[PDB]
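Asker: Can you keep this structure in mind? I'll have questions shortly.
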Amino acid sequence: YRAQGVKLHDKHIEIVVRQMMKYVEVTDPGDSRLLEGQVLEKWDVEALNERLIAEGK
Amino acid sequence: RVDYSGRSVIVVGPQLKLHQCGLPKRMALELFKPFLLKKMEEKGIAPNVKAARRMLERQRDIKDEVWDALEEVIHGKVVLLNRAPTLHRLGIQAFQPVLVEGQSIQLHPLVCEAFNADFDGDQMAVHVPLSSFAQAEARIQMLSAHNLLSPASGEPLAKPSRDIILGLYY
Amino acid sequence: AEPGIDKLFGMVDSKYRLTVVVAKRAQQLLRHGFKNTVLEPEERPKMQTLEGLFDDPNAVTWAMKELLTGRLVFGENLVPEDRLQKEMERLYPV
Amino acid sequence: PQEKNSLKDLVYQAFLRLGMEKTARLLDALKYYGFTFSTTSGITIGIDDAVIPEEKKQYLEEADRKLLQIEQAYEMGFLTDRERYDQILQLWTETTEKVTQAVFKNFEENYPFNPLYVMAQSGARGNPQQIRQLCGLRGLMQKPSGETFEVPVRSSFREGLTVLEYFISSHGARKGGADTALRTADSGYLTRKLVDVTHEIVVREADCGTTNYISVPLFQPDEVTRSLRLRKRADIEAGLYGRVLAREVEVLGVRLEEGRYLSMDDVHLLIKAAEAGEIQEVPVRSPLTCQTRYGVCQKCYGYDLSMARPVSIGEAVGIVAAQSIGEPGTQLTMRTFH
Amino acid sequence: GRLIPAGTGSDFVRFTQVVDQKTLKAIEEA
Amino acid sequence: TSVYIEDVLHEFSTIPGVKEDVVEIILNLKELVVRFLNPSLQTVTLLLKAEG
Amino acid sequence: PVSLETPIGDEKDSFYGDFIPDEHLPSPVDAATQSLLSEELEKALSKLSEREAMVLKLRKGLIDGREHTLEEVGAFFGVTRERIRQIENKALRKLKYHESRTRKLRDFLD
Amino acid sequence: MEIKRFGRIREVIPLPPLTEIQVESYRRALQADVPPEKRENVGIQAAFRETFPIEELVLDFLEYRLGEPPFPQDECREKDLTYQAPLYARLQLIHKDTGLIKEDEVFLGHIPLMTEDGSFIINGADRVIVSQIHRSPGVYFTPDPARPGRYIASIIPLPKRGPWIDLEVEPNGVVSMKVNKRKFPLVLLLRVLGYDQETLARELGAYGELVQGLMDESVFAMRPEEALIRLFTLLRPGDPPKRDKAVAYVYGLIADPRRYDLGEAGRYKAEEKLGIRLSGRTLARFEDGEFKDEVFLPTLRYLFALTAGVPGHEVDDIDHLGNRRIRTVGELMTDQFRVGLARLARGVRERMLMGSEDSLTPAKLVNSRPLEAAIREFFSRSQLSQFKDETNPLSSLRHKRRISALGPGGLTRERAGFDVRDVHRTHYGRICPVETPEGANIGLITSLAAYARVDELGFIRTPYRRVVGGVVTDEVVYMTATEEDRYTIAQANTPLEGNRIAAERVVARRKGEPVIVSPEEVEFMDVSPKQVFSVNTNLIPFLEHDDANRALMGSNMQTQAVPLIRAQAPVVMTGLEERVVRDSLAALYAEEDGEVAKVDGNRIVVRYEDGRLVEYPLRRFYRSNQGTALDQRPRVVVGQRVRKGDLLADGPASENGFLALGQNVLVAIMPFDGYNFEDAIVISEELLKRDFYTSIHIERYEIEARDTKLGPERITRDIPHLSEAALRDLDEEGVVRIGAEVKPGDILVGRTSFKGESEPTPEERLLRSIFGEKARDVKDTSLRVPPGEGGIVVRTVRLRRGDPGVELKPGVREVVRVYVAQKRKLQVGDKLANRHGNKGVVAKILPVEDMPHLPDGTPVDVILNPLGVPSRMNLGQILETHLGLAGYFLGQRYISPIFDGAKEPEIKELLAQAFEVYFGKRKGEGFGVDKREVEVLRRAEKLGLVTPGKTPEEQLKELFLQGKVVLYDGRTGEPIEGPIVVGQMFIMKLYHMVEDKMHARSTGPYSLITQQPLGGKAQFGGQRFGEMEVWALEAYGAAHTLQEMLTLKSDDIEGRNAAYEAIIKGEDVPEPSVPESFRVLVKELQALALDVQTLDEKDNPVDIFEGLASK
DNA sequence: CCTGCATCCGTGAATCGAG
DNA sequence: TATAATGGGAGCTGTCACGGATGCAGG
Ligand SMILES: N=C(N)NCC(=O)N(O)[C@@H](CCC(N)=O)C(=O)NC[C@H]1O[C@@H](c2c[nH]c(=O)[nH]c2=O)[C@H](O)[C@@H]1O
Ligand SMILES: [Mg+2]
Ligand SMILES: [Mg+2]
Ligand SMILES: [Mg+2]
Ligand SMILES: [Zn+2]
């Protein structure tokens, strides 16, 4: 866009790129019900992790 | 596809203020038809709603009383002008309508850069916000004068162009 | 532009809250017949007619004007909704 | 003298200092006097206003003798067909440049109030590329497949084109029309993609309380000189203006607090301090680091670029973001034919 | 077709109330 | 301000024997210059009858 | 019959059934007029007494939605069928005089 | 007025008949004027010959014939009939055993005939069959995008006739053949043809490492019959490999002349490409009991020779106009005639084995319906069958020269790509590189060049002047693209003294590439610069000074020009303006030399040299397809002596034989108070006073009284519950009188229909009882005036049932049509444009005193913005303004040929001569120089526009030569601070007017399933709020405005009824309910057996149907 | 027996107008 | 309600570039 003479805030691109990194992949289930290779949202897996690692699991 | 929505050819309106747009009396009559009916009954142009609507359905049955009544109707109220394609949020903007003779919509020059609309035959749609809530949203958030900068770059989106630049530069 | 729009944006934490306040106040006024207004007789928004100047039929104009006065209270959980409604109908019959 | 840029900076500064309403009145005023003065200015367009420089003929002769010298260097087998092709393109490119600069130098010196030059300088209408086609040589046209023709259009729109030059021109013109007609379907498609992936992103809370941030570089590591140099102005402005500092930055005897919404002048100051060498990168609250669920927060976002003030909670950012990204893509595709 | 959760549809600003000082005092004392 | 032709219903008609269409005849009647000698006279209805 | 999915134009963006209006569902004008008629009729029946208006409301079927004979209305109010027919004549005649003076229900004649 | 022309180019041949691609094609396909015995084998005749005879009883074909049309042209346009002719066919039924011969002439229905101008009439509507462009049949070799050194061989027959065949060398060594999505070794197919390892070794052995992959010992191990059976098992799996069955399939797939058909053009193309000759148009033959090869061996030869790198073998450009051909109207209609005739043949074969095997006649055995349906299908619901553009004569003229890549057998919009959409070097002189739609069809839809015609094979040929040595022969040679690529063709503007080439180094073309070459190497020469562009592009003066893009606009907009009542020919012409009105049948001319007897508005009677009296009825005020009034106006007086080909009556948009698409107005190029801001245009009120840009438009209003099971629909003056004031202009039968004025709401034709059965609501029952008036039995369904329309009724056509001559479609009693016209002046919003691409709308109509004016007191007509010129790069209108100014004061018009037109110094000369008339008049009237002229001159010599020191007259002349004059602002009296370019420009009023477009809707019709408002002005529909407009509201954050559009203003039923009720009661709008379209989504998802439940926070089901969907 | 590459099938391909 | 009749018929060939699943030979 810069080359075409378009001033556009990086902010907006950051919004979309943020949505691209919204998902993660499991490398090890641990004590969870998740499977190796299963893909899920990062927020949900950090919510599960805070519910597990605080449970002692 | 929605009700209370018209469409006509746009025409430059240099005389208009930034918050205004020209609108045909014919379009305004139909777009505000129920409002016009109530206001007509409030005055002495018709006994009730049924007779008033029967009156409007014939062109030769129209007298100047319904025009001045319509003037009382749309006062303070605004409409929404939209120009396809709608590429960003300023593709729709709120304007206070100014009733004009003719079948054309007058558009303020400075927003022609925001709509990306020239007058080589372009058309525009006119949507009428009904509720007081929708009216408040348009007059505050969507009003043309209330949006002077681009949400993209932060730079002035409504700025002097063409004739204006030429004259001041001269 | 709407009169004193910058002051109105300064009154609230978000411009959409301003929109809600204006809309709801305009609803109160339109329903109660403009007799619950805090606008003094000289502050009443007028409209030029062929006869003479009458009051502005647009309730939204009244709402933003009342908001400029600073005689209104805006916020959340200030009063039971049913109480506010029936009390406003008590003071100003509709 | 007032032109597009100076007037633009005026509108922006008026918006900051005096607010929306007064700026709107300024806009109506500039509109009025602008129109009123333009109509009595006397600006017209005749065929004599496209001034063909005396240099053009000389550059044509020079290019022709250089052309035959390349042919002289070809028929003897000194260079390849690819080599003569690249040298012919380079020749007519340099010739084109020399002619264009000759047009505008002649305009500035001899006819400084000439309509074409006025509408170009003020930014009221055209750019040197179009004006060149009116006065100097049209330049090189390209084959629809790509690349470029060996034979350029030597004429102008004032001199009149040969039917061959017009035909070669129709090749490129068709591609331009096809761009605004068909190619736009790709950009608009991308726009809808961006919307659907960002549609649920809204400013929800004031602060997510994240201790994280991003480092916005003020210097780019060049490959040419292999040393970090200052980035372009507008680029840094696009990455700093309307943002919020997550760390305090103190340069040039100025304190920039944590949570400070960087104004345009704050950014300009940071650039000048970068030229001083006191700071090489700027810590800032970013949506990349924001931990607000189902959207972003007010502090991580920053200014609502339309109001140049802290973003109102409730503003649908994701839609605006998607729109503002896809809009220039589609819009520029419509302007390919210009 | 419901009210979208943004702008005037955001729960942050949606439940805001308006009251004139005359009615304000009327309910306060009662 | 007004024109009536016998056996002619509207402006878009065509008169038998007459080369000019009604629209053209009316257009020619626009060019007509009629002077009123009497200032008290605000309207005049002319008559025309010709054939062959 | 012909298909509603019949192509209109050389593009695929238009269908035949898109140009066909619904004749069944009442337009907002119809529903509003019907409501205005019911309100104006009740405004007209309030220019009568409650008894002589109830005779008519039971006679033409405004209430309950049933038209009754003179024997049933007489079996309800407790008077003779000729008294009921007399009351309905008086009520209709009063509504005629009310109509001749007010000029309200005239526009609803359709 | 005097007509002065320019140019040194003398074009030998005149332009060919412009409508020749229609008329000459269709006639060639019919041969209706050709005696059946002397008929050749083409079109309809070829269709009969190819479909006949029928094997199994033997039905044979003899000859056909076409009778005369049951009705004339205008009678068909009137009665909504089809212009056609009866088709009879001589058939003799011959029994192959008995020898019984029964001969009869059967009737096959009617065949639509083409009018003189080249159009058709389908059910009362003029229609143009647009020619189609496609890949020519034959053998092409295209490089394989996968493997660089390998190539793809393609064998293509005619569309719909036979499959495409792909020959490709696989990485495993063996050559493959692809037919009907099936691949197999080509070796097997070669074996079936009777080929051996010997023949292929001696023939293909020239190229090593190639034919060895073609060598397979297991293939030659089996006889031709065995290989045939093997091949059938490959192409037809599951189907029993019976010998005669395999023979039937393979023969029908390849050798059958009836099923598989190469083009006669494709036949020649294959012959020239492979250097061989083909007996028939099939790839193979069935002769002496087996299959004999024709095409496959030479193709495989060329393919292997191509892969090896053997000289003399090239690939093929598929966008080359030597490999692309045109299917005209005749061939398209013939192809569909072939299909329908084939279906009729299937009916014959079916009915022969049925019924009596003894007693049958050609009449009994023939069913005409398949043929009728096929022809009627092609002329109606086909894509290439389009609504005729009758806007102006040029519109239809261009329409008949349109070329489409779309339609059946063509390209799909998604199957297109921009490779075919581009311009090729072969488009030179054949297809216009300028004219094209700027819509989605860009590149696909094009126009034919002027001097170009289409030969019998279907390719486009262009004329070229013969050049031998230095002498240029007056003879012309029309060449194909492949043939043109052979020679060196110079330019048309190359210097010629007599017939001899003058230049030392001429500009020429070798295979599209420009080359500076010697006159001794020149083989041919361009006939004229005019051959490169289309007809419309030829109507643009100073074309070489315009950008190609705006030239596209100019060519397209001239098609959109509405015929004005005071329309005049352009002051600056190109020369083709007369010829256009000639080839188009708008005008009217005299057949032979003679004198004029009668002159009238209705008719023109002329006595010729023959002495015979010929009367020409004139078309007057007839509504076209677009509504533009088409009338012919007499241009001769009684007793006028004319000659052969002299003008009798000027048609629509024509002035003295010349084309008049607009009007010559005095223009001024200057900014004006922002009223011309961004392409906007300011006009004078004087344009309305003298009725410039005024045109008549007619509209057709139809109504049908039909038979209902509830009772008949009656058209009468009796309409229930109406005032006499509304029944004013109606006659006693219910029709409005001719000549009356109608406005929106008025009744054109009154009609009554019995009410649908329904219990009248108790409110209505009481209301009837009160008013003492029984409910009328009928109901008012009248044809009224649509909002924003109206005018004066000029005609009324009433058709009924029971009265002679007229019978309507079943159920319909009487059909009544009303023709309402109107004269439209120029108003704010209408679209004005010139020939150079400059376009815009009227933004302001100033009173004459506000208008900028000349020193002599003459006000300008149009105020154009100079800002529109530089960015758009069209300087043609500038020169048109200059020469228009010189021609304004000299009082003469001009002809400036494209690329050969007038050049600047000559225009300076004419301007100077005009200046003498301008100022010489002033100084002769005893008037010196104006003081404001002095100030203007001062600022002018500061502008460097005039030389300082010279007398004001010398300076004013110096400005006038530049095209600029002194202008006075009407509002001030003060002059404009600078000199302004002023002159006459030819400006047109386009078809796009605010009267046709402006629309507004409160509430109206809603769709059936979706229950959302309809669309379009015609249906009184609402405006579409797309998902992008939703995004716009979302981005704004306006939730209640969006919720409005999604519910109350569209899809919510209860909400919108309560909304309308609230507004007319003065009450605020109600809270929006759940949309109906979502309920439709729910039930449509339930139809897919997917349960969709709306829930609360307690996860307990919520019923949005409110108990109506639950038992 | 398991990774890697070739290959198959199914899915997309801007907006609004009118038609 | 009865001679006997016993495996179909027309294909649409000039888009393209992606993700993901199937299957193949190769280490
Ligand atoms: N019939 C059509 N589409 N003509 C296109 C046209 O006249 N335009 O001016 C086009 C392109 C120029 C050209 N001729 O190639 C045009 O730019 N119109 C102005 C705006 O209209 C919009 C538009 C135009 N044409 C399109 O095909 N799609 C569009 O979205 C764009 O937003 C564009 O910015
Ligand atoms: Mg435009
Ligand atoms: Mg069709
Ligand atoms: Mg892939
Ligand atoms: Zn955050």
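As shown in the structure tokens, the chain order sets the letters A, B, ...; within each chain, residues go from 1, and ligands are also counted from 1 in the order they appear.
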Show me which bits of chain D are within 12 Å of chain I, counting only C-alpha atoms (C1' of nucleotides), as a ChimeraX atom specification.
Answerer: /D:180-193,326-327,329-331,333-334
Asker: Please tabulate, as a tab-separated table, the residues of chain H that come within 7 Å of chain F, each with its closest pair of atoms and the distance in Å to one decimal, counting only C-alpha atoms and ordering rows by chain, then residue number upward.
Answerer:
```
residue	atom	partner	partner_atom	distance
H:599	CA	F:19	CA	6.1
H:600	CA	F:19	CA	4.2
H:601	CA	F:19	CA	4.6
H:602	CA	F:16	CA	6.9
H:634	CA	F:19	CA	6.9
H:739	CA	F:9	CA	5.1
```
Asker: As a PyMOL selection string, please: the residues near residue 74 (chain G) (cut-off 9 Å, only C-alpha atoms (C1' of nucleotides), same-chain neighbours under 6 positions excluded).
Answerer: chain G and resi 80-84
Asker: DSSP on the backbone: which residues in chain E end up as helix (DSSP H, G or I)? Give the answer as a PyMOL selection string.
Answerer: chain E and resi 7-9+11-14+21-29
Asker: What lies within 10 Å of residue 661 (chain H) using only C-alpha atoms (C1' of nucleotides), ignoring chain neighbours under 4 positions off, as a PyMOL selection string?
Answerer: chain H and resi 392-394+558-564+567-570+577+652-655+834-835+986-990
Asker: Please, what distance in Å, to one decimal, runs between CA of residue 116 (chain D) and CA of residue 6 (chain D)?
Answerer: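 Computing it gives 20.0 Å between the two atoms.
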Asker: As a quick test: using only C-alpha atoms (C1' of nucleotides) and all ligand atoms, which residues lie no more than 6 Å away from ligand 3? Give them as a list in words.
Answerer: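 My answer, listing the contacting residues, is residues 380, 381, 382, 383, 385 and 386 of chain H.
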Asker: Print the selection's residues with N, CA and C atoms to a file, as a short mmCIF file (atom, residue, chain, number, x, y, z; two decimals), in the first residue's frame.
Answerer:
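Dumped everything to result-v9.cif:
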```
data_model
loop_
_atom_site.label_atom_id
_atom_site.label_comp_id
_atom_site.auth_asym_id
_atom_site.auth_seq_id
_atom_site.Cartn_x
_atom_site.Cartn_y
_atom_site.Cartn_z
N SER H 380 -36.46 -16.45 -29.74
CA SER H 380 -37.07 -15.87 -28.54
C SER H 380 -36.13 -15.89 -27.34
N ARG H 381 -36.00 -17.05 -26.71
CA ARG H 381 -35.27 -17.16 -25.45
C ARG H 381 -33.77 -17.37 -25.62
N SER H 382 -33.27 -17.20 -26.84
CA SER H 382 -31.83 -17.26 -27.07
C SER H 382 -31.16 -15.98 -26.58
N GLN H 383 -29.87 -16.07 -26.27
CA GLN H 383 -29.13 -14.91 -25.78
C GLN H 383 -28.76 -13.98 -26.93
N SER H 385 -30.34 -13.57 -29.54
CA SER H 385 -31.57 -12.90 -29.96
C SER H 385 -31.89 -11.79 -28.96
N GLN H 386 -31.61 -10.54 -29.35
CA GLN H 386 -31.72 -9.42 -28.42
C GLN H 386 -32.78 -8.40 -28.83
#
```
Asker: Could you make a table, as a tab-separated table, of the residues of chain B that have an atom within 9 Å of an atom of chain D, each with its nearest atom pair and distance in Å to one decimal, counting only C-alpha atoms, in chain and number order?
Answerer:
```
residue	atom	partner	partner_atom	distance
B:14	CA	D:32	CA	7.7
B:15	CA	D:32	CA	8.0
B:16	CA	D:28	CA	8.5
B:17	CA	D:28	CA	6.3
B:18	CA	D:28	CA	6.5
B:19	CA	D:24	CA	8.6
B:86	CA	D:327	CA	8.8
B:87	CA	D:327	CA	5.0
B:88	CA	D:323	CA	5.0
B:89	CA	D:320	CA	7.1
B:109	CA	D:31	CA	8.4
B:110	CA	D:31	CA	8.0
B:116	CA	D:331	CA	8.9
B:145	CA	D:24	CA	6.0
B:146	CA	D:20	CA	6.4
B:147	CA	D:306	CA	6.4
B:148	CA	D:306	CA	6.8
B:149	CA	D:306	CA	4.4
B:150	CA	D:306	CA	5.2
B:151	CA	D:306	CA	4.6
B:152	CA	D:324	CA	5.2
B:153	CA	D:305	CA	6.8
B:154	CA	D:305	CA	4.3
B:155	CA	D:12	CA	6.9
B:156	CA	D:12	CA	5.9
B:157	CA	D:306	CA	8.8
B:158	CA	D:27	CA	8.4
B:159	CA	D:8	CA	6.2
B:160	CA	D:31	CA	6.9
B:161	CA	D:124	CA	6.1
B:162	CA	D:124	CA	4.4
B:163	CA	D:35	CA	6.0
B:164	CA	D:34	CA	4.1
B:165	CA	D:124	CA	5.7
B:166	CA	D:124	CA	5.9
B:167	CA	D:38	CA	3.9
B:168	CA	D:34	CA	5.3
B:169	CA	D:2	CA	5.0
B:170	CA	D:41	CA	6.8
```
